[PDB]
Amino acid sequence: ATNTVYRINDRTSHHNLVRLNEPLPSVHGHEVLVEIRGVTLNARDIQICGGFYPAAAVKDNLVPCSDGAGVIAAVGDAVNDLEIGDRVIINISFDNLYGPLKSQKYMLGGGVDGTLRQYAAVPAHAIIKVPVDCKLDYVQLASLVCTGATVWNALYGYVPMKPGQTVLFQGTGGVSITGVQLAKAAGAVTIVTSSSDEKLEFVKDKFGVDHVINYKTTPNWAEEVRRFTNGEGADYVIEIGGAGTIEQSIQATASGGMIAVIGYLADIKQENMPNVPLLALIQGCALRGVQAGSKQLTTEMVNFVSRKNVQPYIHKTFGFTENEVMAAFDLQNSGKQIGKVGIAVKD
């Protein structure tokens, strides 16, 4: 019995992942062995494998990817409430069960080995049980670990969204696509921005978002957000531009609204760095640095997704052979994808 894993040691490109056959891991008494069946990628995996993840330290001989779902294949001798065959997701963190994330030491695919392998030994306390009536496949289930957890934290982990409020999503990446599908099933009005009109059309057609705005051709986007919200502005902004876009974002937000700061993909120079304390003081709105999401939160969002039959959107699902895995990573890097890229470890 073999565990086929991918590991990287030279973090200058995902093309330094090496397919290895290892012995089946034994579990410690408090662990469970997960047969991984579905995985999805994140920008984080590209940043880590390519050596531009400044948030935290990354281990040597790393198995990448935070996102995995599958079934229990073995159970340690102290473990109570998990059986072989049980269908599961792994929490993005081993240790962040509730409250704020205190480090990245135990984050899958970074501080500890991630999900791009057939088998993983993990602490049972990291396990999220997939409700029994859930009809999603394993890749869809995996999709919830990083983007689902993050979005639910931004919308429900500090001051919670109310039905009827407006959420603005920057770009058409995994955070936004996962976000629009959850927010729309929670009764939000949704707005999405993009550098591409083709993408905006696609997002509008598949997900039924209420308004689209091209931020490349229409950099005065705050003003449009205001037109579509009766002059009030958006109640939540899922902010992935960082300083480069924070001025527009602030002016697009209602007073009393929330800007969930999540990424910083946008360019900025010191000369144009906006005065954020002053802008936020004038708008009367909040900013919050969002850091994934705890197990408690993520479980609620999982329960919602199952109970209401939200069907996470998967752009393309690849197999587990080397050429397939690189084609999936390549697609994640290109920026041409809408939402999630998936990998079927089994089928």
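Start at 1 with the first residue shown and count on from there.
Taking only CA atoms, the mean B-factor in the PDB entry is higher for 270-278 than for the other of 104-112 and 270-278. When 234-242 is weighed against 261-269, 261-269 comes out higher, by mean CA B-factor as recorded in the entry. Highest CA B-factor among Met301, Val39, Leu33, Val58, as stated in the entry: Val58. In the PDB entry, a CA B factor belonging to the middle third of its chain's modelled residues is recorded for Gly293. When the CA B factors of the chain's modelled residues are split into thirds, the value for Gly256 lands in the lowest one. In the PDB entry, a CA B factor belonging to the highest third of its chain's modelled residues is recorded for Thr317.
When the CA B factors of the chain's modelled residues are split into thirds, the value for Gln283 lands in the middle one.
The entry lists a Cα temperature factor for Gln170 that places it in the middle third of the chain's modelled residues.
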